[PDB]
>>> print(open('query.pdb').read())   # PDB, C-alpha atoms (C1' of nucleotides)
ATOM      1  CA  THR A   1       0.000   0.000   0.000  1.00  0.00           C
ATOM      2  CA  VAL A   2       1.388   3.365  -1.137  1.00  0.00           C
ATOM      3  CA  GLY A   3      -0.384   6.632  -0.354  1.00  0.00           C
ATOM      4  CA  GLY A   4       0.362  10.257  -1.086  1.00  0.00           C
ATOM      5  CA  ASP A   5       1.850  12.605   1.491  1.00  0.00           C
ATOM      6  CA  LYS A   6       2.393  16.324   2.077  1.00  0.00           C
ATOM      7  CA  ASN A   7       6.182  16.654   1.740  1.00  0.00           C
ATOM      8  CA  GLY A   8       8.949  14.247   0.808  1.00  0.00           C
ATOM      9  CA  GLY A   9       7.245  12.358  -2.002  1.00  0.00           C
ATOM     10  CA  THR A  10       5.128   9.338  -1.103  1.00  0.00           C
ATOM     11  CA  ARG A  11       5.963   6.740   1.549  1.00  0.00           C
ATOM     12  CA  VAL A  12       4.922   3.092   1.468  1.00  0.00           C
ATOM     13  CA  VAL A  13       2.494   1.998   4.194  1.00  0.00           C
ATOM     14  CA  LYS A  14       2.800  -1.525   5.611  1.00  0.00           C
ATOM     15  CA  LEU A  15      -0.538  -3.092   6.503  1.00  0.00           C
ATOM     16  CA  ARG A  16      -0.766  -5.594   9.371  1.00  0.00           C
ATOM     17  CA  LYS A  17       2.195  -4.131  11.235  1.00  0.00           C
ATOM     18  CA  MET A  18       4.304  -6.080  13.702  1.00  0.00           C
ATOM     19  CA  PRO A  19       2.841  -6.440  17.215  1.00  0.00           C
ATOM     20  CA  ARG A  20       4.302  -4.265  19.957  1.00  0.00           C
ATOM     21  CA  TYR A  21       4.035  -6.595  22.982  1.00  0.00           C
ATOM     22  CA  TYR A  22       5.055 -10.258  23.190  1.00  0.00           C
ATOM     23  CA  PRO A  23       3.721 -12.376  26.076  1.00  0.00           C
ATOM     24  CA  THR A  24       6.388 -14.713  27.392  1.00  0.00           C
ATOM     25  CA  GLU A  25       6.188 -18.528  27.142  1.00  0.00           C
ATOM     26  CA  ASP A  26       3.244 -18.593  24.759  1.00  0.00           C
ATOM     27  CA  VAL A  27       1.129 -21.737  24.406  1.00  0.00           C
ATOM     28  CA  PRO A  28       2.062 -24.041  21.484  1.00  0.00           C
ATOM     29  CA  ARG A  29      -0.332 -25.095  18.721  1.00  0.00           C
ATOM     30  CA  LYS A  30      -2.745 -28.024  18.647  1.00  0.00           C
ATOM     31  CA  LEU A  31      -2.309 -31.286  16.732  1.00  0.00           C
ATOM     32  CA  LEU A  32      -4.888 -30.401  14.033  1.00  0.00           C
ATOM     33  CA  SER A  33      -7.549 -33.019  14.688  1.00  0.00           C
ATOM     34  CA  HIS A  34     -10.266 -33.884  12.166  1.00  0.00           C
ATOM     35  CA  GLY A  35     -13.916 -34.899  12.180  1.00  0.00           C
ATOM     36  CA  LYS A  36     -14.838 -32.173  14.687  1.00  0.00           C
ATOM     37  CA  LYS A  37     -17.614 -29.835  13.544  1.00  0.00           C
ATOM     38  CA  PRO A  38     -19.106 -26.717  15.142  1.00  0.00           C
ATOM     39  CA  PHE A  39     -22.651 -26.718  16.462  1.00  0.00           C
ATOM     40  CA  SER A  40     -23.982 -24.896  13.389  1.00  0.00           C
ATOM     41  CA  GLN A  41     -22.770 -27.685  11.065  1.00  0.00           C
ATOM     42  CA  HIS A  42     -24.069 -30.678  13.037  1.00  0.00           C
ATOM     43  CA  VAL A  43     -26.682 -32.985  11.545  1.00  0.00           C
ATOM     44  CA  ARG A  44     -30.079 -32.803  13.250  1.00  0.00           C
ATOM     45  CA  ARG A  45     -31.832 -36.009  14.318  1.00  0.00           C
ATOM     46  CA  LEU A  46     -35.519 -36.567  15.055  1.00  0.00           C
ATOM     47  CA  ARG A  47     -37.471 -39.462  16.529  1.00  0.00           C
ATOM     48  CA  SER A  48     -40.159 -41.189  14.481  1.00  0.00           C
ATOM     49  CA  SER A  49     -42.723 -40.571  17.237  1.00  0.00           C
TER      50      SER A  49
ATOM     51  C1'   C B   1      22.040  16.246  15.834  1.00  0.00           C
ATOM     52  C1'   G B   2      19.323  18.593  11.493  1.00  0.00           C
ATOM     53  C1'   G B   3      16.004  18.821   7.133  1.00  0.00           C
ATOM     54  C1'   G B   4      10.059  16.726   7.228  1.00  0.00           C
ATOM     55  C1'   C B   5       2.781  15.569   9.547  1.00  0.00           C
ATOM     56  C1'   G B   6      -2.887  11.128   4.526  1.00  0.00           C
ATOM     57  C1'   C B   7       2.680   9.201   7.322  1.00  0.00           C
ATOM     58  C1'   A B   8       4.184   6.766  13.056  1.00  0.00           C
ATOM     59  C1'   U B   9       3.499   6.625  18.054  1.00  0.00           C
ATOM     60  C1'   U B  10       0.451   7.551  23.620  1.00  0.00           C
ATOM     61  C1'   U B  11      -4.945   7.222  26.048  1.00  0.00           C
ATOM     62  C1'   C B  12     -10.468   6.335  25.969  1.00  0.00           C
ATOM     63  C1'   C B  13     -15.012   4.524  23.557  1.00  0.00           C
ATOM     64  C1'   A B  14     -17.754   0.646  20.409  1.00  0.00           C
ATOM     65  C1'   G B  15     -17.015  -4.641  16.975  1.00  0.00           C
ATOM     66  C1'   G B  16     -14.148  -9.422  14.420  1.00  0.00           C
ATOM     67  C1'   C B  17     -10.202 -12.612  13.943  1.00  0.00           C
ATOM     68  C1'   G B  18      -6.239 -17.512  16.817  1.00  0.00           C
ATOM     69  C1'   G B  19      -4.348 -18.758  22.470  1.00  0.00           C
ATOM     70  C1'   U B  20      -6.794 -18.177  27.988  1.00  0.00           C
ATOM     71  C1'   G B  21     -12.621 -18.056  31.639  1.00  0.00           C
ATOM     72  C1'   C B  22     -16.318 -16.861  39.729  1.00  0.00           C
ATOM     73  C1'   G B  23     -19.813 -20.796  41.076  1.00  0.00           C
ATOM     74  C1'   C B  24     -24.043 -24.271  39.680  1.00  0.00           C
ATOM     75  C1'   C B  25     -25.557 -26.875  35.072  1.00  0.00           C
ATOM     76  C1'   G B  26     -27.561 -28.430  30.303  1.00  0.00           C
ATOM     77  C1'   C B  27     -27.181 -29.688  24.853  1.00  0.00           C
ATOM     78  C1'   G B  28     -25.061 -31.370  20.051  1.00  0.00           C
ATOM     79  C1'   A B  29     -22.025 -34.409  16.437  1.00  0.00           C
ATOM     80  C1'   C B  30     -17.734 -37.125  15.809  1.00  0.00           C
ATOM     81  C1'   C B  31     -13.441 -41.028  18.363  1.00  0.00           C
ATOM     82  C1'   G B  32     -12.058 -45.440  21.502  1.00  0.00           C
ATOM     83  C1'   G B  33     -13.892 -49.449  24.741  1.00  0.00           C
ATOM     84  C1'   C B  34     -18.282 -52.389  26.253  1.00  0.00           C
ATOM     85  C1'   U B  35     -23.447 -54.520  26.927  1.00  0.00           C
ATOM     86  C1'   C B  36     -27.986 -55.185  24.539  1.00  0.00           C
ATOM     87  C1'   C B  37     -32.120 -54.950  20.777  1.00  0.00           C
ATOM     88  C1'   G B  38     -34.473 -54.964  15.913  1.00  0.00           C
ATOM     89  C1'   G B  39     -34.554 -56.097  10.441  1.00  0.00           C
ATOM     90  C1'   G B  40     -33.203 -58.727   6.102  1.00  0.00           C
ATOM     91  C1'   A B  41     -30.873 -62.191   3.027  1.00  0.00           C
ATOM     92  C1'   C B  42     -26.749 -67.148   2.387  1.00  0.00           C
ATOM     93  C1'   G B  43     -24.233 -72.523   2.757  1.00  0.00           C
ATOM     94  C1'   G B  44     -24.371 -77.877   4.623  1.00  0.00           C
ATOM     95  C1'   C B  45     -27.109 -82.400   6.469  1.00  0.00           C
ATOM     96  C1'   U B  46     -29.781 -88.250   4.723  1.00  0.00           C
ATOM     97  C1'   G B  47     -28.455 -82.565  -1.860  1.00  0.00           C
ATOM     98  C1'   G B  48     -31.813 -82.093   5.993  1.00  0.00           C
ATOM     99  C1'   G B  49     -35.766 -85.631   9.108  1.00  0.00           C
ATOM    100  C1'   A B  50     -41.288 -85.256   9.896  1.00  0.00           C
ATOM    101  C1'   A B  51     -46.318 -82.904   8.847  1.00  0.00           C
ATOM    102  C1'   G B  52     -49.671 -80.249   5.101  1.00  0.00           C
ATOM    103  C1'   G B  53     -52.671 -79.949   0.450  1.00  0.00           C
ATOM    104  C1'   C B  54     -57.016 -83.176  -4.054  1.00  0.00           C
ATOM    105  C1'   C B  55     -57.569 -88.208  -5.014  1.00  0.00           C
ATOM    106  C1'   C B  56     -56.925 -92.325  -8.464  1.00  0.00           C
ATOM    107  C1'   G B  57     -55.679 -98.569  -8.895  1.00  0.00           C
ATOM    108  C1'   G B  58     -54.002-101.590  -4.885  1.00  0.00           C
ATOM    109  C1'   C B  59     -51.120-105.205  -0.690  1.00  0.00           C
ATOM    110  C1'   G B  60     -50.153-106.594   4.664  1.00  0.00           C
ATOM    111  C1'   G B  61     -50.907-107.844   9.495  1.00  0.00           C
ATOM    112  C1'   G B  62     -52.369-105.727  14.151  1.00  0.00           C
ATOM    113  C1'   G B  63     -54.611-102.765  18.464  1.00  0.00           C
ATOM    114  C1'   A B  64     -55.138 -97.922  23.106  1.00  0.00           C
ATOM    115  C1'   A B  65     -61.860-100.504  18.623  1.00  0.00           C
ATOM    116  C1'   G B  66     -68.176 -98.939  14.249  1.00  0.00           C
ATOM    117  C1'   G B  67     -72.053-102.867  14.320  1.00  0.00           C
ATOM    118  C1'   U B  68     -72.931-107.584  16.447  1.00  0.00           C
ATOM    119  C1'   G B  69     -73.585-109.511  21.983  1.00  0.00           C
ATOM    120  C1'   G B  70     -74.987-111.464  28.519  1.00  0.00           C
ATOM    121  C1'   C B  71     -75.340-107.322  31.877  1.00  0.00           C
ATOM    122  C1'   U B  72     -75.863-101.815  34.418  1.00  0.00           C
ATOM    123  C1'   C B  73     -78.148 -96.748  34.551  1.00  0.00           C
ATOM    124  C1'   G B  74     -81.163 -92.835  32.549  1.00  0.00           C
ATOM    125  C1'   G B  75     -84.941 -90.259  29.198  1.00  0.00           C
ATOM    126  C1'   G B  76     -90.071 -90.637  26.124  1.00  0.00           C
ATOM    127  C1'   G B  77     -94.805 -93.250  24.968  1.00  0.00           C
ATOM    128  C1'   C B  78     -95.394-105.255  30.128  1.00  0.00           C
ATOM    129  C1'   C B  79     -93.159-103.695  25.659  1.00  0.00           C
ATOM    130  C1'   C B  80     -90.790-100.464  22.084  1.00  0.00           C
ATOM    131  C1'   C B  81     -86.914 -96.239  20.526  1.00  0.00           C
TER     132        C B  81
END
>>> encode(input="query.pdb", output="structure tokens")
Amino acid sequence: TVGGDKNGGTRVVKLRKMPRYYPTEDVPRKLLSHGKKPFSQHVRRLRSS
RNA sequence: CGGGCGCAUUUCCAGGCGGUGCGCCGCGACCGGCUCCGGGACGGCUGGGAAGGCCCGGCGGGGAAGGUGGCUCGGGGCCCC
């Protein structure tokens, strides 16, 4: 992203800048399981009665 | 140090993305283990054994026996059924 400026030409703007604070000893990532759906994507069952 | 404000940084307000949640609960679909129930089709036997369903022509002997035949009881009009 490059936008115009007032003086000194135009300067490039970097979107999604680097974070400013890092929490120590962050939690690692999961093992990427499968077959797990959210509640909105579950199949709905009904009894014949 | 200096040249410089759509740019970058400091605070508050209101929303979304991935990691975390006072107490008491509930729900959903997948995964593993386990018990139980229902339904439907397949192979073998002596290519299962025995009954069923119509009868034609016909053989055998026999008993846990239709009539015949002393006797017993009862019903209806000595006798009769």
>>> interface_residues(input="query.pdb", of="chain A", to="chain B", cutoff="9 Å", atoms="only C-alpha atoms (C1' of nucleotides)", output="PyMOL selection string")
chain A and resi 3-8+10-13+26-29+34-39+41-44
>>> atom_distance(input="query.pdb", atom1="atom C1' of residue 17 of chain B", atom2="atom CA of residue 30 of chain A")
17.8 Å
>>> atom_distance(input="query.pdb", atom1="atom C1' of residue 53 of chain B", atom2="atom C1' of residue 65 of chain B")
28.9 Å
>>> atom_distance(input="query.pdb", atom1="atom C1' of residue 12 of chain B", atom2="atom CA of residue 18 of chain A")
22.9 Å
>>> build_atoms(input="query.pdb", residues="segment 30-48 of chain A", atoms="N, CA, C and O atoms", output="PDB file, keeping the file's coordinate frame")
ATOM      1  N   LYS A  30      -2.100 -26.728  18.508  1.00  0.00           N
ATOM      2  CA  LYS A  30      -2.745 -28.024  18.647  1.00  0.00           C
ATOM      3  C   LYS A  30      -2.188 -29.012  17.622  1.00  0.00           C
ATOM      4  O   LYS A  30      -1.282 -28.704  16.842  1.00  0.00           O
ATOM      5  N   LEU A  31      -2.745 -30.221  17.625  1.00  0.00           N
ATOM      6  CA  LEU A  31      -2.309 -31.286  16.732  1.00  0.00           C
ATOM      7  C   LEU A  31      -3.174 -31.410  15.486  1.00  0.00           C
ATOM      8  O   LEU A  31      -3.014 -32.378  14.732  1.00  0.00           O
ATOM      9  N   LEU A  32      -4.082 -30.461  15.253  1.00  0.00           N
ATOM     10  CA  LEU A  32      -4.888 -30.401  14.033  1.00  0.00           C
ATOM     11  C   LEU A  32      -5.719 -31.673  13.846  1.00  0.00           C
ATOM     12  O   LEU A  32      -5.532 -32.442  12.902  1.00  0.00           O
ATOM     13  N   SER A  33      -6.646 -31.884  14.776  1.00  0.00           N
ATOM     14  CA  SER A  33      -7.549 -33.019  14.688  1.00  0.00           C
ATOM     15  C   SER A  33      -8.552 -32.817  13.552  1.00  0.00           C
ATOM     16  O   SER A  33      -8.671 -31.736  12.971  1.00  0.00           O
ATOM     17  N   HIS A  34      -9.282 -33.884  13.240  1.00  0.00           N
ATOM     18  CA  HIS A  34     -10.266 -33.884  12.166  1.00  0.00           C
ATOM     19  C   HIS A  34     -11.601 -34.382  12.704  1.00  0.00           C
ATOM     20  O   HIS A  34     -11.725 -34.768  13.870  1.00  0.00           O
ATOM     21  N   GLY A  35     -12.611 -34.371  11.836  1.00  0.00           N
ATOM     22  CA  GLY A  35     -13.916 -34.899  12.180  1.00  0.00           C
ATOM     23  C   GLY A  35     -14.661 -34.152  13.260  1.00  0.00           C
ATOM     24  O   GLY A  35     -15.676 -34.655  13.749  1.00  0.00           O
ATOM     25  N   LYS A  36     -14.197 -32.969  13.650  1.00  0.00           N
ATOM     26  CA  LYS A  36     -14.838 -32.173  14.687  1.00  0.00           C
ATOM     27  C   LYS A  36     -15.500 -30.966  14.037  1.00  0.00           C
ATOM     28  O   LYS A  36     -14.816 -30.123  13.444  1.00  0.00           O
ATOM     29  N   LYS A  37     -16.818 -30.886  14.150  1.00  0.00           N
ATOM     30  CA  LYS A  37     -17.614 -29.835  13.544  1.00  0.00           C
ATOM     31  C   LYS A  37     -18.144 -28.875  14.598  1.00  0.00           C
ATOM     32  O   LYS A  37     -18.313 -29.244  15.765  1.00  0.00           O
ATOM     33  N   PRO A  38     -18.417 -27.628  14.224  1.00  0.00           N
ATOM     34  CA  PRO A  38     -19.106 -26.717  15.142  1.00  0.00           C
ATOM     35  C   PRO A  38     -20.570 -27.106  15.290  1.00  0.00           C
ATOM     36  O   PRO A  38     -21.081 -28.003  14.620  1.00  0.00           O
ATOM     37  N   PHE A  39     -21.251 -26.403  16.198  1.00  0.00           N
ATOM     38  CA  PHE A  39     -22.651 -26.718  16.462  1.00  0.00           C
ATOM     39  C   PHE A  39     -23.547 -26.343  15.289  1.00  0.00           C
ATOM     40  O   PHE A  39     -24.589 -26.973  15.082  1.00  0.00           O
ATOM     41  N   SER A  40     -23.164 -25.328  14.514  1.00  0.00           N
ATOM     42  CA  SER A  40     -23.982 -24.896  13.389  1.00  0.00           C
ATOM     43  C   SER A  40     -23.915 -25.849  12.205  1.00  0.00           C
ATOM     44  O   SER A  40     -24.762 -25.758  11.312  1.00  0.00           O
ATOM     45  N   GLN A  41     -22.938 -26.755  12.174  1.00  0.00           N
ATOM     46  CA  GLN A  41     -22.770 -27.685  11.065  1.00  0.00           C
ATOM     47  C   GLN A  41     -23.129 -29.118  11.437  1.00  0.00           C
ATOM     48  O   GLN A  41     -22.903 -30.030  10.636  1.00  0.00           O
ATOM     49  N   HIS A  42     -23.680 -29.339  12.626  1.00  0.00           N
ATOM     50  CA  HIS A  42     -24.069 -30.678  13.037  1.00  0.00           C
ATOM     51  C   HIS A  42     -25.343 -31.111  12.325  1.00  0.00           C
ATOM     52  O   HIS A  42     -26.187 -30.289  11.957  1.00  0.00           O
ATOM     53  N   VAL A  43     -25.476 -32.418  12.134  1.00  0.00           N
ATOM     54  CA  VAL A  43     -26.682 -32.985  11.545  1.00  0.00           C
ATOM     55  C   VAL A  43     -27.739 -33.135  12.631  1.00  0.00           C
ATOM     56  O   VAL A  43     -27.439 -33.529  13.764  1.00  0.00           O
ATOM     57  N   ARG A  44     -28.981 -32.803  12.293  1.00  0.00           N
ATOM     58  CA  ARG A  44     -30.079 -32.803  13.250  1.00  0.00           C
ATOM     59  C   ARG A  44     -30.871 -34.098  13.130  1.00  0.00           C
ATOM     60  O   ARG A  44     -31.270 -34.489  12.028  1.00  0.00           O
ATOM     61  N   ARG A  45     -31.095 -34.757  14.263  1.00  0.00           N
ATOM     62  CA  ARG A  45     -31.832 -36.009  14.318  1.00  0.00           C
ATOM     63  C   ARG A  45     -33.204 -35.788  14.942  1.00  0.00           C
ATOM     64  O   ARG A  45     -33.395 -34.883  15.759  1.00  0.00           O
ATOM     65  N   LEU A  46     -34.158 -36.627  14.544  1.00  0.00           N
ATOM     66  CA  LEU A  46     -35.519 -36.567  15.055  1.00  0.00           C
ATOM     67  C   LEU A  46     -36.052 -37.979  15.237  1.00  0.00           C
ATOM     68  O   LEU A  46     -35.736 -38.877  14.452  1.00  0.00           O
ATOM     69  N   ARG A  47     -36.864 -38.167  16.273  1.00  0.00           N
ATOM     70  CA  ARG A  47     -37.471 -39.462  16.529  1.00  0.00           C
ATOM     71  C   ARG A  47     -38.727 -39.640  15.683  1.00  0.00           C
ATOM     72  O   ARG A  47     -39.424 -38.675  15.355  1.00  0.00           O
ATOM     73  N   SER A  48     -39.008 -40.895  15.328  1.00  0.00           N
ATOM     74  CA  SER A  48     -40.159 -41.189  14.481  1.00  0.00           C
ATOM     75  C   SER A  48     -41.481 -40.901  15.175  1.00  0.00           C
ATOM     76  O   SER A  48     -42.492 -40.699  14.495  1.00  0.00           O
TER      77      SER A  48
END
